[PDB]
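Following: one structure in structure tokens, then a few remarks.
Number of protein chains: 2
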Amino acid sequence: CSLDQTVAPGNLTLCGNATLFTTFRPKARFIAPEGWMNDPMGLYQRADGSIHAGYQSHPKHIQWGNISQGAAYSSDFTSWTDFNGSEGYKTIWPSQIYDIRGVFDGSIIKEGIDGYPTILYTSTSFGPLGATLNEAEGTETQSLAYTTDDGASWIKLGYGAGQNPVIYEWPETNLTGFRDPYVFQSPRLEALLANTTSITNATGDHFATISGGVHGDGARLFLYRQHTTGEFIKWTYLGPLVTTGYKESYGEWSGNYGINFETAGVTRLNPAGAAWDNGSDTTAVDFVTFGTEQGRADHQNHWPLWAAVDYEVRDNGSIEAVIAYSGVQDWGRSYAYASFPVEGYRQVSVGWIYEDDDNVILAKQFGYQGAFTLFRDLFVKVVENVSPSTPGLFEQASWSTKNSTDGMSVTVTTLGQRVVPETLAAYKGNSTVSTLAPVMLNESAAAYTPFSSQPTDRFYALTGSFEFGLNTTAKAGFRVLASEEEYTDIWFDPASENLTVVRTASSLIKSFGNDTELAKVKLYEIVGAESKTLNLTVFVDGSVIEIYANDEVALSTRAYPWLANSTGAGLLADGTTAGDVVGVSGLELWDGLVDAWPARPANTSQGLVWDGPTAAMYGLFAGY
Amino acid sequence: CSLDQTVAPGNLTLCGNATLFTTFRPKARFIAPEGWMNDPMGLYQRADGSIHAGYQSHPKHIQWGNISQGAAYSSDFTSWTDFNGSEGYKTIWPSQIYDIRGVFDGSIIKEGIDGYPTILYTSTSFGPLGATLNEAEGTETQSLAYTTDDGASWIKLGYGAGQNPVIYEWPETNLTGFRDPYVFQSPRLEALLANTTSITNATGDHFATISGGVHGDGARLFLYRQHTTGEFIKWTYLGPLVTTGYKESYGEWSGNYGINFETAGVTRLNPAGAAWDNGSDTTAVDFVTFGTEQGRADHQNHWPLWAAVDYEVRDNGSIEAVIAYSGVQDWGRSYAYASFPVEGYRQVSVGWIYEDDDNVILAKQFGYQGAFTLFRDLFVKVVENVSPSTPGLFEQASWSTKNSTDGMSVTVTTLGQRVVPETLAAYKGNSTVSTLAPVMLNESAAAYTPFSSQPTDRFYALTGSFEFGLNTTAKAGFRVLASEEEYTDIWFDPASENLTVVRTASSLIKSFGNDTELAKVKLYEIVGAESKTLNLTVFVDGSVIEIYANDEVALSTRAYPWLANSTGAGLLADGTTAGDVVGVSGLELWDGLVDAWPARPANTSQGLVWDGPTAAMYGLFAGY
Ligand SMILES: *[C@@H]1O[C@H](CO)[C@@H](O[C@@H]2O[C@H](CO)[C@@H](O[C@@H]3O[C@H](CO[C@H]4O[C@H](CO[C@H]5O[C@H](CO)[C@@H](O)[C@H](O)[C@@H]5O[C@H]5O[C@H](CO)[C@@H](O)[C@H](O)[C@@H]5O)[C@@H](O)[C@H](O[C@H]5O[C@H](CO)[C@@H](O)[C@H](O)[C@@H]5O)[C@@H]4O)[C@@H](O)[C@H](O[C@H]4O[C@H](CO)[C@@H](O)[C@H](O)[C@@H]4O[C@H]4O[C@H](CO)[C@@H](O)[C@H](O)[C@@H]4O[C@H]4O[C@H](CO)[C@@H](O)[C@H](O)[C@@H]4O)[C@@H]3O)[C@H](O)[C@H]2NC(C)=O)[C@H](O)[C@H]1NC(C)=O
Ligand SMILES: *[C@@H]1O[C@H](CO)[C@@H](O[C@@H]2O[C@H](CO)[C@@H](O[C@@H]3O[C@H](CO[C@H]4O[C@H](CO[C@H]5O[C@H](CO)[C@@H](O)[C@H](O)[C@@H]5O[C@H]5O[C@H](CO)[C@@H](O)[C@H](O)[C@@H]5O)[C@@H](O)[C@H](O[C@H]5O[C@H](CO)[C@@H](O)[C@H](O)[C@@H]5O)[C@@H]4O)[C@@H](O)[C@H](O[C@H]4O[C@H](CO)[C@@H](O)[C@H](O)[C@@H]4O[C@H]4O[C@H](CO)[C@@H](O)[C@H](O)[C@@H]4O[C@H]4O[C@H](CO)[C@@H](O)[C@H](O)[C@@H]4O)[C@@H]3O)[C@H](O)[C@H]2NC(C)=O)[C@H](O)[C@H]1NC(C)=O
Ligand SMILES: *[C@@H]1O[C@H](CO)[C@@H](O[C@@H]2O[C@H](CO)[C@@H](O[C@@H]3O[C@H](CO[C@H]4O[C@H](CO)[C@@H](O)[C@H](O[C@H]5O[C@H](CO)[C@@H](O)[C@H](O)[C@@H]5O)[C@@H]4O)[C@@H](O)[C@H](O[C@H]4O[C@H](CO)[C@@H](O)[C@H](O)[C@@H]4O[C@H]4O[C@H](CO)[C@@H](O)[C@H](O)[C@@H]4O)[C@@H]3O)[C@H](O)[C@H]2NC(C)=O)[C@H](O)[C@H]1NC(C)=O
Ligand SMILES: *[C@@H]1O[C@H](CO)[C@@H](O[C@@H]2O[C@H](CO)[C@@H](O[C@@H]3O[C@H](CO[C@H]4O[C@H](CO)[C@@H](O)[C@H](O[C@H]5O[C@H](CO)[C@@H](O)[C@H](O)[C@@H]5O)[C@@H]4O)[C@@H](O)[C@H](O[C@H]4O[C@H](CO)[C@@H](O)[C@H](O)[C@@H]4O[C@H]4O[C@H](CO)[C@@H](O)[C@H](O)[C@@H]4O)[C@@H]3O)[C@H](O)[C@H]2NC(C)=O)[C@H](O)[C@H]1NC(C)=O
Ligand SMILES: *[C@@H]1O[C@H](CO)[C@@H](O)[C@H](O)[C@H]1NC(C)=O
Ligand SMILES: *[C@@H]1O[C@H](CO)[C@@H](O)[C@H](O)[C@H]1NC(C)=O
Ligand SMILES: *[C@@H]1O[C@H](CO)[C@@H](O)[C@H](O)[C@H]1NC(C)=O
Ligand SMILES: *[C@@H]1O[C@H](CO)[C@@H](O)[C@H](O)[C@H]1NC(C)=O
Ligand SMILES: *[C@@H]1O[C@H](CO)[C@@H](O)[C@H](O)[C@H]1NC(C)=O
Ligand SMILES: *[C@@H]1O[C@H](CO)[C@@H](O)[C@H](O)[C@H]1NC(C)=O
Ligand SMILES: *[C@@H]1O[C@H](CO)[C@@H](O)[C@H](O)[C@H]1NC(C)=O
Ligand SMILES: *[C@@H]1O[C@H](CO)[C@@H](O)[C@H](O)[C@H]1NC(C)=O
Ligand SMILES: *[C@@H]1O[C@H](CO)[C@@H](O)[C@H](O)[C@H]1NC(C)=O
Ligand SMILES: *[C@@H]1O[C@H](CO)[C@@H](O)[C@H](O)[C@H]1NC(C)=O
Ligand SMILES: O=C1C=CC(=O)C=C1
Ligand SMILES: O=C1C=CC(=O)C=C1
Ligand SMILES: O=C1C=CC(=O)C=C1
Ligand SMILES: O=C1C=CC(=O)C=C1
Ligand SMILES: O=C1C=CC(=O)C=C1
Ligand SMILES: O=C1C=CC(=O)C=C1
Ligand SMILES: O=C1C=CC(=O)C=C1
Ligand SMILES: O=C1C=CC(=O)C=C1
Ligand SMILES: O=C1C=CC(=O)C=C1
Ligand SMILES: O=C1C=CC(=O)C=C1
Ligand SMILES: O=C1C=CC(=O)C=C1
Ligand SMILES: O=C1C=CC(=O)C=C1
């Protein structure tokens, strides 16, 4: 096993455990110290203003199993500190008959048991578990734990009658899943249900959704309401909040609703961030975010989606969330977005970026799998003075349109996502910033033009504004992680409305994914404008490439170039001419970003272990 | 619910939880503070000379489940102290995927991991578990834990490859069971295997048996040997030690070998107690003790048996234990005898006495189930100068015979059992002792003659020697727990060789068992004697009646008289005449015995709990 990154890669499958630990590893984002991680969980702003972030964790393994909550905290979403207790960085683990198969996702009641922060989590036990298997009641239940030390440790309620698990009866028969409880307060839902509380006797100030579906009949989000304020044992099932069809699709802009929902949440946003009104704010919009499974041929059969909804009150004192329009939270190799409230009327979302090693060829050599996305402020994105001649504008697929009185302009509303400003400020301030001269891409543009300043390593951000003619057939974008022999190409093609990441040349290592990523981007043309603009921000962090367009479209993916000098970046141009010119301005390179884990050494591997021959006898976990 | 014990019992099923806690409860023996208990486990003499006793425990429940080790210690087998830690009197509990279904029986390696006392125990996980079900590999494994604080707490080895569980592969296919590991040293087996250790490479100084059987083909005791001295991970399967047929019986004196063995152990005894020779002591005998299941119509389908064995070395470097003769450890409502070495060349055995409430009608009102037997010294019982005219003597059923040179007398060898002397000394010393005048039971004997001194409560011992003509048809014995309307009759009938406990009148409460108990007793007639003698000792302790005959035959049973004055005792006589006289001598009453748990108040109930609706979903435990 040679680690010589100045020559072609050898047979890296011969390398020892964690020998490639630092080679591709993100340094500027949330990631476990080592081993397997997946979904964010247990997210809350603590009383001291810091952020507590949990995550699905399997230390010293590179596949899922014994799933536990790993945890850390930060004052700025950007620089993190691990918890360190009797179980290292874990703070909740399988320990009881009701959760021995795994401590799945959960969410926080900020003032719960005895006034302490409280997690409601999916406690799993034995039996077939999955949307494509014949799951039975009891395999997935919902349980409580609380913390008296701000997340350093959690105390589970006792096992038994009137204690854990607190939710165990299936609300409908033949579920595909019953997990990922999302607890939230909602002045809006309280106001809508206030006339019906005699029907259900549920009058608490917390709601919870549970994610799942019904065999042969599509996904379901189930809505519960806390039976009594200040009491956390009894949760009353109201009814299904979101009902979608078996592999139903709202279309090209909206992914596919698959057969089962995972990690669903409910929020209410306005142009500034989180909205806490009862329905009185005419600028606020109700949103559901949710993962779907088995409605996609690739990306692990997983869509991370969102929908704007209009609530209707049913005669049985429940809520129907009718989908108004429906979009995609991230078009790439990410899933399991969680959102949580943050002081200053913010709703912050973060997801998991999986690797692109689906055959598990170099996972042991890495010694880890998975990272988070960046933390994103959610808000209602409003575009004013939109031209009615914007192609496809009135399909209203993943946006709403509202005509002016005179019908000559349109207000566009959609979900906005932007990186939290604390992270952008820390990244810029710690980086070597190069402000680049604006560039017209015309008949003289090479296919690839390196920037006048180059990154020094695999940790940088790029920004640019790409101005196109209304009738362009030109393509432009960014090349990143680039040498002569390895590179990753980020293209926008306004004529097709497609943002692509071409990875045919991303790496000389053949075992990593090399499929083209694709997002749809609608350029809302402005009344009076003779051009249309793409604002593109790209984060490069080890192997992560995380793309943001127009504070709306996000695409996370992975690139694993072998060569030490595959770090370069620049502009891409295709079909640019004297007539079809792409104007590039606001160009900046941030070289270096931030060390997100300053207390951690470069190599936090503790080695890998095998569960031994019993792993196959129990049949629950891969065992490695 | 009336607790008036001066009138007929009402409908006691209306009484609250633990309202009958003190009514029938033993006070002079080992019993859990409250709730469910079954098999003794983890028995060892600690370095300070005290006895550590574990037991299968389910606190705050009256049925089996979440089975754990409860524990206590004693300097004299008689007066006990509970451990008290984070889990109350428990010291091992389900906590890992490999043992979450229960911490079953286990036994002690006195100098184990890092030199500490170490338990090898059956760690159970999910799946069908039972001799009549289709069990699969992994459901029952064998795991290690060690104690750095003399049994106050136990540390399990980690889960995984080269750690727990340490024994998981089934040594043969289609097992009925795979549990109750019994660890022992054996100079005898080491000497027998010393010429074969090149075949198996197993050279350690500890052996272990695992109890089970093969579907359709009878019980098996599997023999393992520690692979290397001082190392406790690797145990090498040698082969089956004991192989019996599907519901095979050696006869009327020997119970039935059923379909599956439980709680089996291996020892070597001589006339004085434990034998540590390599085979050189011609007076020593190899013994196996074992429970069998599904070879009995009653007593919970359970026989506690023992056999004398002759070891043969197989060509594959394993041991066959050939049964020489085969007997019964206790003929009553007891099971799961464990034996362990004690300083002074002793082997001490103790079992579990279950209740006689098999339909669980008053278990909640009790607030507990189960007790131990008394602690018994095992030894080789040798009877010299036995007359060859002793009826049935040469069947050699549960004994061996050796003729004198001249063929006119016989030495009889069998398993001896006697109560440990520490308990007899403490009982006698703390009691009001009444030495009773000898009685000839003749034509003038009433059916029942109360003793000249009477017990004051349900805690007493009786002893007597009953001398019969060689051709008697008379019956005699003891009546205990007796008023005019409730009583329990203990009869011996030499003509049938039957010791019976008649319980038709034991209680006015109809829901308790009232079936007649039966043991076989061989009176070895001595050369020159014109009579034969039964030495009978009876312990009455709450509801326990524990009978010992001739330091050989034991019979544990239960009686639950309601009336406060059902405490009396005396002599029984049937068919005694001027010609057929039963001489009764050495009569003594020990009134009071000892308070075995001086630190405990009379009512140690903590209430009962229900596991709730998930108990039926998991399907592992009753839930109460
Ligand atoms: C199979 O058997 C299993 C084993 O028995 C069983 O699991 C056990 O279940 C029991 C019952 O549910 C659990 O017991 C609960 O424990 C909770 C505390 O749990 C935390 O702490 C314990 C103890 O921690 C000590 O010991 C450890 C180990 O040594 C140390 O590491 C600690 O530092 C600490 O040490 C100090 O204290 C020791 C003595 O205890 C000293 O010896 C020592 O020197 C130290 O000074 C830990 O063991 C726990 O860890 C385990 O669990 C966590 C997850 O929680 C895991 O991550 C971890 O790996 C372990 O598995 C844990 O950290 C108790 O709070 C709880 O007691 C409350 O509830 C019960 C009712 O259920 C009440 O009766 C009781 O009064 C308490 O209620 C009051 O208190 C709370 C808040 O304090 C209130 O909300 C509540 O309303 C109530 O208030 C009362 O008082 C009020 C004011 O005073 C008043 O106003 C009210 O009116 C009211 O009266 C309970 O004891 C036990 O932890 C489980 N153990 C394990 C190992 O899992 C399992 O379930 C069984 N399974 C089945 C299928 O049956
Ligand atoms: C799913 O995830 C689960 C959770 O992660 C996982 O379970 C966990 O498994 C891990 C890995 O097996 C277990 O970790 C082991 O822990 C053993 C100790 O266990 C006892 O103590 C812990 C810790 O106790 C502290 O904290 C608790 C809780 O707060 C307190 O109550 C205690 O008082 C104590 O507190 C002090 O210390 C704290 C910091 O730790 C401080 O914060 C605190 O302030 C205090 O001062 C308890 O939690 C355990 O309780 C749990 O387990 C018991 C049963 O054991 C239950 O009854 C209970 O309910 C709980 O469930 C328990 O009491 C360690 O000994 C062990 O470390 C040894 O082994 C590993 C290898 O496996 C080595 O890497 C390591 O070096 C150690 O080996 C050395 O030491 C031993 C002897 O000391 C030697 O025999 C050995 O050879 C070696 O020697 C070394 O040194 C020699 C000389 O120095 C040298 O010569 C040698 O060469 C060599 O180097 C390991 O850490 C963990 O306990 C499990 N946790 C739980 C909650 O279950 C589960 O398996 C997963 N499941 C699956 C399917 O994957
Ligand atoms: C005395 O100790 C007991 C513990 O033993 C404590 O707890 C009680 O324990 C008993 C079992 O011993 C429980 O009984 C069972 O209850 C089931 C239905 O219960 C629901 O209704 C009652 C009101 O009438 C409520 O009290 C319960 O509330 C509690 O549980 C809920 C969760 O549901 C919590 O949220 C609450 O906070 C409470 O803690 C329940 O809502 C019932 O299904 C079950 O029935 C079986 O057993 C009986 C008797 O043998 C049969 O008649 C019946 O047919 C059922 O038999 C099943 O088993 C057979 C074979 O044996 C199968 O063939 C069938 O499939 C069948 O299903 C049982 O009655 C009791 O609920 C529980 N009470 C609690 C927790 O409060 C007592 O509290 C304690 N007393 C005191 C004062 O401390
Ligand atoms: C680097 O990290 C790893 C942890 O990932 C550490 O541990 C190793 O982990 C791997 C898995 O990653 C283990 O590999 C598996 O080994 C199985 C057979 O192992 C036995 O033989 C070897 C010697 O050749 C021994 O080393 C083992 O000893 C250990 O375990 C025993 C218990 O058995 C303990 O008592 C010891 O003390 C040791 O701790 C074993 O005795 C093997 O069955 C398994 O095979 C599957 O996977 C491979 C590769 O993918 C396939 O080729 C193969 O076909 C098997 O595929 C299964 O799965 C497919 C589908 O995927 C199914 O269709 C089939 O049914 C099939 O069964 C695998 O190779 C390895 O044993 C383990 N080593 C240990 C613990 O020492 C490393 O230690 C660590 N390295 C360092 C230096 O730290
Ligand atoms: C980068 O590395 C490769 C291999 O060492 C080398 O061939 C090439 O000239 C270097 N520079 C580039 C591609 O910019
Ligand atoms: C990282 O640390 C682990 C654990 O000590 C070690 O096995 C591995 O070889 C190291 N990897 C690198 C890149 O240094
Ligand atoms: C309320 O009605 C809805 C719509 O029919 C139904 O799906 C749901 O189960 C009902 N809620 C109940 C029965 O609690
Ligand atoms: C919105 O405006 C467009 C362009 O003026 C027009 O075609 C359409 O009919 C309008 N919709 C409504 C509801 O007025
Ligand atoms: C560098 O990053 C840290 C960690 O996020 C941040 O607090 C600090 O303000 C940054 N430095 C700047 C912007 O100068
Ligand atoms: C004992 O109690 C019963 C019921 O109170 C009474 O009838 C009887 O005379 C008393 N004495 C006896 C049976 O010795
Ligand atoms: C024993 O104590 C328990 C628990 O406090 C109580 O419920 C029960 O009624 C008491 N029983 C008696 C006989 O006093
Ligand atoms: C040794 O031989 C016995 C008798 O045939 C057999 O039952 C046992 O399995 C053998 N031991 C092995 C294969 O380890
Ligand atoms: C043992 O003694 C009895 C009575 O003398 C006799 O019948 C029998 O044959 C003897 N057995 C042997 C082996 O000598
Ligand atoms: C009474 O019992 C205790 C507890 O077993 C024992 O130590 C003591 O010696 C006994 N008293 C006597 C025999 O006088
Ligand atoms: O495969 C299936 C499992 C369960 C069910 O309800 C329908 C189909
Ligand atoms: O769906 C998939 C999940 C994980 C993996 O390794 C490959 C495919
Ligand atoms: O450079 C490249 C070579 C071959 C291919 O198919 C894509 C890119
Ligand atoms: O109108 C415009 C068209 C294209 C371009 O590059 C800039 C402006
Ligand atoms: O948080 C930390 C995790 C691991 C390590 O080695 C140092 C710090
Ligand atoms: O859980 C499992 C682990 C390993 C294997 O081979 C099959 C199932
Ligand atoms: O019932 C049965 C279960 C298992 C087996 O091997 C034979 C019979
Ligand atoms: O076999 C049996 C065991 C327990 C019980 O309650 C009744 C019968
Ligand atoms: O006293 C008794 C009454 C009836 C019976 O069958 C047995 C004893
Ligand atoms: O020989 C004897 C027969 C009977 C009896 O009671 C005493 C002596
Ligand atoms: O050992 C003891 C158990 C229980 C109790 O209450 C007092 C002492
Ligand atoms: O384990 C079980 C508990 C209760 C029940 O009704 C069925 C099974």
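First to last, the protein sequences are chains A and B.
The opening residue of the first sequence carries number 42 in the UniProt record's numbering; numbering runs sequentially from there.
The opening residue of the second sequence carries number 42 in the UniProt record's numbering; numbering runs sequentially from there.
Note that the Cβ used here is the ideal one computed from N, Cα and C, for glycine as well.
Next item on the list: Kindly provide the chain-ordered list of residues whose Cβ lies closer than 6 Å to any non-hydrogen atom of ligand 7.
Entry: The set of residues with a C-beta under 6 Å from any non-hydrogen atom of ligand 7 comprises A:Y278, A:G280, A:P281, A:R355, A:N357, A:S359, given in chain order.
Item checked: Range of the contiguous alpha helix (DSSP H) that encloses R229 of chain A -> Taken as a continuous stretch (DSSP letters only), the alpha helix (DSSP H) holding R229 of chain A covers 228 to 234.
Check: How would you list, in chain order, the residues of chain B whose beta-carbon sits under 9 Å from the beta-carbon of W211 of chain A?
Finding: Chain-ordered listing is empty here: chain B has no CB closer than 9 Å to the CB of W211 of chain A, the nearest sitting near 10 Å.
Notebook entry, point to check: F219 of chain A bridges to which residues according to DSSP?
Noted result: Paired residues: A:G253.
Check: So which residues on chain B does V207 of chain A lean against when the C-beta distance must stay under 8 Å?
Finding: In chain order: nothing, as chain B lies at least about 10 Å away.
Notebook entry, point to check: In chain B, which residues lie less than 7 Å from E178 of chain A when you measure between Cβ atoms?
Noted result: Those are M658, listed as they occur along chain B.
Notebook entry, point to check: Quick one: Cα of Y291 of chain A to Cα of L434 of chain A, how far?
Noted result: In this model, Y291 of chain A and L434 of chain A are separated by some 16 Å (Cα to Cα).
Notebook entry, point to check: If you follow the beta strand (DSSP E) that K573 of chain A is part of, which residue opens it and which one closes it?
Noted result: Here the beta strand (DSSP E) through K573 of chain A covers 572 to 582.
Notebook entry, point to check: Which residues of chain B have a Cβ atom closer than 7 Å to the Cβ of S166 of chain A, listed in chain order?
Noted result: Within 7 Å of the CB of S166 of chain A, the CB atoms of chain B belong to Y659, in sequence order along the chain.
Next item on the list: Please compile the residues from chain C whose C-beta is within a distance smaller than 8 Å of the C-beta of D652 of chain B.
Entry: As a matter of chain content, chain C is missing from the structure shown, whose protein chains are A and B.
Margin query: So, for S428 of chain B: in the same chain, excluding its five sequence neighbours on each side, which residues have a beta-carbon less than 6 Å away from its beta-carbon?
Written below: Answer for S428 of chain B: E566, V568, listed in chain order.
Margin query: Quick test of your reading: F328 of chain A and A349 of chain A, contact by CB under 8 Å. State the CB separation rounded to the nearest angstrom.
Written below: That pair is a contact at about 6 Å.
Check: How about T655 of chain A: is its C-beta nearer than 9 Å to some C-beta of chain B?
Finding: So yes, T655 of chain A belongs to the interface.
Item checked: Neighbourhood of ligand 20 [Cβ distance below 7 Å to any heavy atom], ordered by chain position -> Those residues are A:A656, A:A657, A:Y659, A:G660, A:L661, A:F662, A:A663, A:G664, given in chain order.
Item checked: At least 3 beta-carbon pairs within less than 8 Å: the segment 85 to 103 of chain A vs the segment 377 to 397 of chain A -> Yes, they touch.
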